[PDB]
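J.: What follows is my_file.cif; its format and atoms are mmCIF, N, CA and C atoms.
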```cif
data_data
#
loop_
_atom_site.label_atom_id
_atom_site.label_comp_id
_atom_site.auth_asym_id
_atom_site.auth_seq_id
_atom_site.Cartn_x
_atom_site.Cartn_y
_atom_site.Cartn_z
N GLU J 1 -16.95 16.05 12.95
CA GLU J 1 -17.06 16.01 11.47
C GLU J 1 -15.78 15.49 10.83
N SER J 2 -15.62 14.17 10.82
CA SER J 2 -14.44 13.55 10.24
C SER J 2 -14.67 12.05 10.02
N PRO J 3 -15.75 11.69 9.30
CA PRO J 3 -16.08 10.29 9.01
C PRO J 3 -15.12 9.65 8.01
N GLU J 4 -14.25 10.46 7.42
CA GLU J 4 -13.29 9.96 6.45
C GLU J 4 -12.45 8.83 7.04
N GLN J 5 -12.01 9.02 8.28
CA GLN J 5 -11.21 8.01 8.96
C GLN J 5 -12.09 6.87 9.47
N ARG J 6 -13.31 7.20 9.86
CA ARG J 6 -14.25 6.21 10.36
C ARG J 6 -14.99 5.50 9.22
N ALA J 7 -14.63 5.82 7.98
CA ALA J 7 -15.26 5.21 6.82
C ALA J 7 -14.87 3.75 6.70
N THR J 8 -13.58 3.51 6.45
CA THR J 8 -13.07 2.15 6.31
C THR J 8 -13.56 1.25 7.44
N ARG J 9 -13.53 1.77 8.66
CA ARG J 9 -13.98 1.02 9.82
C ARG J 9 -15.49 0.81 9.78
N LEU J 10 -16.21 1.81 9.27
CA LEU J 10 -17.66 1.73 9.17
C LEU J 10 -18.09 0.62 8.22
N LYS J 11 -17.24 0.32 7.24
CA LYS J 11 -17.54 -0.72 6.27
C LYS J 11 -16.39 -1.72 6.18
N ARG J 12 -15.89 -2.15 7.33
CA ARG J 12 -14.80 -3.11 7.38
C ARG J 12 -15.32 -4.50 7.71
N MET J 13 -16.52 -4.80 7.25
CA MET J 13 -17.14 -6.09 7.49
C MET J 13 -16.93 -7.03 6.30
N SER J 14 -17.12 -6.49 5.09
CA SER J 14 -16.95 -7.28 3.88
C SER J 14 -17.02 -6.39 2.64
N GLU J 15 -16.25 -6.74 1.62
CA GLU J 15 -16.22 -5.98 0.38
C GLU J 15 -17.55 -6.10 -0.36
N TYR J 16 -18.22 -7.23 -0.18
CA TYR J 16 -19.50 -7.47 -0.83
C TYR J 16 -20.37 -8.42 0.00
N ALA J 17 -21.09 -7.85 0.97
CA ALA J 17 -21.95 -8.64 1.83
C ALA J 17 -23.09 -9.28 1.04
N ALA J 18 -23.58 -10.42 1.54
CA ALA J 18 -24.66 -11.13 0.88
C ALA J 18 -25.92 -10.28 0.81
N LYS J 19 -26.59 -10.31 -0.33
CA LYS J 19 -27.82 -9.54 -0.52
C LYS J 19 -28.89 -9.97 0.47
N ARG J 20 -29.43 -9.01 1.20
CA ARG J 20 -30.47 -9.29 2.19
C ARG J 20 -30.97 -8.00 2.83
N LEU J 21 -32.20 -8.03 3.34
CA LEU J 21 -32.79 -6.87 3.99
C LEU J 21 -32.39 -6.80 5.46
N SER J 22 -32.17 -7.96 6.06
CA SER J 22 -31.78 -8.03 7.47
C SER J 22 -30.49 -8.83 7.63
N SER J 23 -30.53 -10.09 7.21
CA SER J 23 -29.36 -10.97 7.31
C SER J 23 -28.93 -11.13 8.76
#
```
Produce structure tokens that represent the structure in this file.

T.:
Amino acid sequence: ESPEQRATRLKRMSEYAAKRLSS
């Protein structure tokens, strides 16, 4: 129980990914 550190990494792909259902 510590996703706080794994947060940034969990969403370290792009600040604003292209809108899409699958992409």

J.: Could you find all residues in chain J that DSSP calls alpha helix (DSSP H) from the backbone, and write them as a PDB file with N, CA and C atoms, in the frame of the given file?

T.:
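To be explicit, this is the file written out as selection.pdb:
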```
ATOM      1  N   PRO J   3     -15.750  11.690   9.300  1.00  0.00           N
ATOM      2  CA  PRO J   3     -16.080  10.290   9.010  1.00  0.00           C
ATOM      3  C   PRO J   3     -15.120   9.650   8.010  1.00  0.00           C
ATOM      4  N   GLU J   4     -14.250  10.460   7.420  1.00  0.00           N
ATOM      5  CA  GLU J   4     -13.290   9.960   6.450  1.00  0.00           C
ATOM      6  C   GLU J   4     -12.450   8.830   7.040  1.00  0.00           C
ATOM      7  N   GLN J   5     -12.010   9.020   8.280  1.00  0.00           N
ATOM      8  CA  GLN J   5     -11.210   8.010   8.960  1.00  0.00           C
ATOM      9  C   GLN J   5     -12.090   6.870   9.470  1.00  0.00           C
ATOM     10  N   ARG J   6     -13.310   7.200   9.860  1.00  0.00           N
ATOM     11  CA  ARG J   6     -14.250   6.210  10.360  1.00  0.00           C
ATOM     12  C   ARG J   6     -14.990   5.500   9.220  1.00  0.00           C
ATOM     13  N   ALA J   7     -14.630   5.820   7.980  1.00  0.00           N
ATOM     14  CA  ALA J   7     -15.260   5.210   6.820  1.00  0.00           C
ATOM     15  C   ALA J   7     -14.870   3.750   6.700  1.00  0.00           C
ATOM     16  N   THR J   8     -13.580   3.510   6.450  1.00  0.00           N
ATOM     17  CA  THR J   8     -13.070   2.150   6.310  1.00  0.00           C
ATOM     18  C   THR J   8     -13.560   1.250   7.440  1.00  0.00           C
ATOM     19  N   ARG J   9     -13.530   1.770   8.660  1.00  0.00           N
ATOM     20  CA  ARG J   9     -13.980   1.020   9.820  1.00  0.00           C
ATOM     21  C   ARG J   9     -15.490   0.810   9.780  1.00  0.00           C
ATOM     22  N   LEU J  10     -16.210   1.810   9.270  1.00  0.00           N
ATOM     23  CA  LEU J  10     -17.660   1.730   9.170  1.00  0.00           C
ATOM     24  C   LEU J  10     -18.090   0.620   8.220  1.00  0.00           C
TER      25      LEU J  10
END
```

J.: For atom CA of residue J:17 and atom CA of residue J:1, determine how far apart the two atoms are, in Å to one decimal place.

T.: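 Straight-line distance from atom CA of residue J:17 to atom CA of residue J:1 works out to 26.9 Å.
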
J.: Quick one: distance from atom CA of residue J:23 to atom CA of residue J:10 in Å, one decimal?

T.: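 It comes out at 17.4 Å.
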